[PDB]
Structure formats: structure tokens, C-alpha cells
$ cat input.pdb   # PDB, N, CA and C atoms
ATOM      1  N   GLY E   1     -32.751 -20.678  39.982  1.00  0.00           N
ATOM      2  CA  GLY E   1     -32.431 -20.512  41.430  1.00  0.00           C
ATOM      3  C   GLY E   1     -33.603 -21.008  42.276  1.00  0.00           C
ATOM      4  N   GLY E   2     -34.176 -20.149  43.076  1.00  0.00           N
ATOM      5  CA  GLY E   2     -35.322 -20.574  43.927  1.00  0.00           C
ATOM      6  C   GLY E   2     -36.023 -19.341  44.497  1.00  0.00           C
ATOM      7  N   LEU E   3     -35.379 -18.637  45.386  1.00  0.00           N
ATOM      8  CA  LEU E   3     -36.010 -17.422  45.980  1.00  0.00           C
ATOM      9  C   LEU E   3     -36.726 -16.616  44.896  1.00  0.00           C
ATOM     10  N   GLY E   4     -36.122 -16.490  43.750  1.00  0.00           N
ATOM     11  CA  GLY E   4     -36.760 -15.719  42.651  1.00  0.00           C
ATOM     12  C   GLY E   4     -38.182 -16.230  42.419  1.00  0.00           C
ATOM     13  N   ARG E   5     -38.330 -17.504  42.202  1.00  0.00           N
ATOM     14  CA  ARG E   5     -39.688 -18.072  41.958  1.00  0.00           C
ATOM     15  C   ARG E   5     -40.361 -18.437  43.282  1.00  0.00           C
ATOM     16  N   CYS E   6     -39.600 -18.850  44.257  1.00  0.00           N
ATOM     17  CA  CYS E   6     -40.203 -19.211  45.571  1.00  0.00           C
ATOM     18  C   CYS E   6     -41.285 -18.194  45.937  1.00  0.00           C
ATOM     19  N   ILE E   7     -40.887 -17.030  46.359  1.00  0.00           N
ATOM     20  CA  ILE E   7     -41.877 -15.987  46.723  1.00  0.00           C
ATOM     21  C   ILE E   7     -42.826 -15.715  45.559  1.00  0.00           C
ATOM     22  N   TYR E   8     -42.327 -15.709  44.358  1.00  0.00           N
ATOM     23  CA  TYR E   8     -43.225 -15.450  43.201  1.00  0.00           C
ATOM     24  C   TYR E   8     -44.481 -16.304  43.342  1.00  0.00           C
ATOM     25  N   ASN E   9     -44.351 -17.581  43.146  1.00  0.00           N
ATOM     26  CA  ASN E   9     -45.528 -18.476  43.264  1.00  0.00           C
ATOM     27  C   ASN E   9     -46.097 -18.453  44.688  1.00  0.00           C
ATOM     28  N   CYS E  10     -45.250 -18.413  45.675  1.00  0.00           N
ATOM     29  CA  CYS E  10     -45.732 -18.410  47.081  1.00  0.00           C
ATOM     30  C   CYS E  10     -46.501 -17.132  47.402  1.00  0.00           C
ATOM     31  N   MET E  11     -45.956 -16.017  47.043  1.00  0.00           N
ATOM     32  CA  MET E  11     -46.618 -14.724  47.351  1.00  0.00           C
ATOM     33  C   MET E  11     -47.500 -14.251  46.190  1.00  0.00           C
ATOM     34  N   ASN E  12     -46.927 -14.050  45.039  1.00  0.00           N
ATOM     35  CA  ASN E  12     -47.738 -13.580  43.875  1.00  0.00           C
ATOM     36  C   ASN E  12     -49.062 -14.343  43.803  1.00  0.00           C
ATOM     37  N   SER E  13     -49.003 -15.635  43.647  1.00  0.00           N
ATOM     38  CA  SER E  13     -50.254 -16.437  43.573  1.00  0.00           C
ATOM     39  C   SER E  13     -49.927 -17.919  43.378  1.00  0.00           C
ATOM     40  N   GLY E  14     -49.675 -18.625  44.446  1.00  0.00           N
ATOM     41  CA  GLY E  14     -49.351 -20.066  44.328  1.00  0.00           C
ATOM     42  C   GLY E  14     -48.690 -20.554  45.618  1.00  0.00           C
ATOM     43  N   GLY E  15     -49.122 -20.057  46.742  1.00  0.00           N
ATOM     44  CA  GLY E  15     -48.513 -20.493  48.028  1.00  0.00           C
ATOM     45  C   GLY E  15     -49.615 -20.803  49.044  1.00  0.00           C
ATOM     46  N   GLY E  16     -50.460 -19.850  49.328  1.00  0.00           N
ATOM     47  CA  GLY E  16     -51.551 -20.087  50.304  1.00  0.00           C
ATOM     48  C   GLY E  16     -50.995 -20.040  51.729  1.00  0.00           C
ATOM     49  N   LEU E  17     -49.870 -19.406  51.919  1.00  0.00           N
ATOM     50  CA  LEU E  17     -49.283 -19.321  53.286  1.00  0.00           C
ATOM     51  C   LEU E  17     -48.937 -17.863  53.624  1.00  0.00           C
ATOM     52  N   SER E  18     -47.680 -17.535  53.739  1.00  0.00           N
ATOM     53  CA  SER E  18     -47.307 -16.130  54.070  1.00  0.00           C
ATOM     54  C   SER E  18     -46.110 -15.683  53.234  1.00  0.00           C
ATOM     55  N   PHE E  19     -45.539 -14.569  53.583  1.00  0.00           N
ATOM     56  CA  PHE E  19     -44.362 -14.052  52.833  1.00  0.00           C
ATOM     57  C   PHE E  19     -43.084 -14.475  53.539  1.00  0.00           C
ATOM     58  N   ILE E  20     -42.928 -14.038  54.748  1.00  0.00           N
ATOM     59  CA  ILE E  20     -41.714 -14.409  55.526  1.00  0.00           C
ATOM     60  C   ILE E  20     -41.558 -15.931  55.542  1.00  0.00           C
ATOM     61  N   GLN E  21     -42.616 -16.647  55.267  1.00  0.00           N
ATOM     62  CA  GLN E  21     -42.528 -18.134  55.248  1.00  0.00           C
ATOM     63  C   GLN E  21     -41.961 -18.604  53.905  1.00  0.00           C
ATOM     64  N   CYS E  22     -41.718 -17.688  53.006  1.00  0.00           N
ATOM     65  CA  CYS E  22     -41.161 -18.067  51.679  1.00  0.00           C
ATOM     66  C   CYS E  22     -40.019 -17.120  51.303  1.00  0.00           C
ATOM     67  N   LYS E  23     -40.171 -15.849  51.575  1.00  0.00           N
ATOM     68  CA  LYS E  23     -39.089 -14.882  51.233  1.00  0.00           C
ATOM     69  C   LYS E  23     -37.780 -15.296  51.907  1.00  0.00           C
ATOM     70  N   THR E  24     -37.860 -16.085  52.945  1.00  0.00           N
ATOM     71  CA  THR E  24     -36.619 -16.522  53.647  1.00  0.00           C
ATOM     72  C   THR E  24     -36.546 -18.049  53.689  1.00  0.00           C
ATOM     73  N   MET E  25     -37.641 -18.693  53.976  1.00  0.00           N
ATOM     74  CA  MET E  25     -37.638 -20.179  54.037  1.00  0.00           C
ATOM     75  C   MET E  25     -36.971 -20.755  52.789  1.00  0.00           C
ATOM     76  N   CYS E  26     -37.460 -20.399  51.637  1.00  0.00           N
ATOM     77  CA  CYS E  26     -36.861 -20.922  50.374  1.00  0.00           C
ATOM     78  C   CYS E  26     -35.333 -20.909  50.465  1.00  0.00           C
ATOM     79  N   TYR E  27     -34.697 -21.986  50.091  1.00  0.00           N
ATOM     80  CA  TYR E  27     -33.207 -22.031  50.159  1.00  0.00           C
ATOM     81  C   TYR E  27     -32.600 -21.551  48.838  1.00  0.00           C
TER
END

$ encode --input "input.pdb" --output "C-alpha cells"
Amino acid sequence: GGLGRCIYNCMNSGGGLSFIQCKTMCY
């Protein structure tokens, strides 16, 4: 899928941005 890993790498450790910028941005 995407959201599953999106926030994972984005938030867990692999984004360098924010949460709302990935928890929702990711399609």
C-alpha cells in the first residue's frame, strides 16, 4: 500500500519533515 510505510519511514525514521505531511499526504 503506502500510508502503512509512508508515515513509517516518514515519521519513524526516514522523512525529515512532519507527520501530518505524511500521515495524510501519502496517497

$ resolve_selection --input "input.pdb" --expression "the PyMOL selection byres ((chain E and resi 27) around 7)" --output "PDB file with N, CA and C atoms, in the coordinates of the input"
ATOM      1  N   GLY E   1     -32.751 -20.678  39.982  1.00  0.00           N
ATOM      2  CA  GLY E   1     -32.431 -20.512  41.430  1.00  0.00           C
ATOM      3  C   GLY E   1     -33.603 -21.008  42.276  1.00  0.00           C
ATOM      4  N   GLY E   2     -34.176 -20.149  43.076  1.00  0.00           N
ATOM      5  CA  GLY E   2     -35.322 -20.574  43.927  1.00  0.00           C
ATOM      6  C   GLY E   2     -36.023 -19.341  44.497  1.00  0.00           C
ATOM      7  N   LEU E   3     -35.379 -18.637  45.386  1.00  0.00           N
ATOM      8  CA  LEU E   3     -36.010 -17.422  45.980  1.00  0.00           C
ATOM      9  C   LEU E   3     -36.726 -16.616  44.896  1.00  0.00           C
ATOM     10  N   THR E  24     -37.860 -16.085  52.945  1.00  0.00           N
ATOM     11  CA  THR E  24     -36.619 -16.522  53.647  1.00  0.00           C
ATOM     12  C   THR E  24     -36.546 -18.049  53.689  1.00  0.00           C
ATOM     13  N   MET E  25     -37.641 -18.693  53.976  1.00  0.00           N
ATOM     14  CA  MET E  25     -37.638 -20.179  54.037  1.00  0.00           C
ATOM     15  C   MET E  25     -36.971 -20.755  52.789  1.00  0.00           C
ATOM     16  N   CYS E  26     -37.460 -20.399  51.637  1.00  0.00           N
ATOM     17  CA  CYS E  26     -36.861 -20.922  50.374  1.00  0.00           C
ATOM     18  C   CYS E  26     -35.333 -20.909  50.465  1.00  0.00           C
TER      19      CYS E  26
END

$ select_by_dssp --input "input.pdb" --residues "chain E" --states "helix (DSSP H, G or I)" --output "count of residues only"
10

$ atom_distance --input "input.pdb" --atom1 "atom N of residue E:21" --atom2 "atom N of residue E:4"
13.2 Å

$ axis_aligned_box --input "input.pdb" --around "stretch 4-19 of chain E" --padding-each-side "5 Å" --output "JSON"
{"center_x": -43.8, "center_y": -17.2, "center_z": 48.0, "size_x": 25.4, "size_y": 17.2, "size_z": 22.1}

$ atom_distance --input "input.pdb" --atom1 "atom N of residue E:6" --atom2 "atom C of residue E:23"
8.6 Å
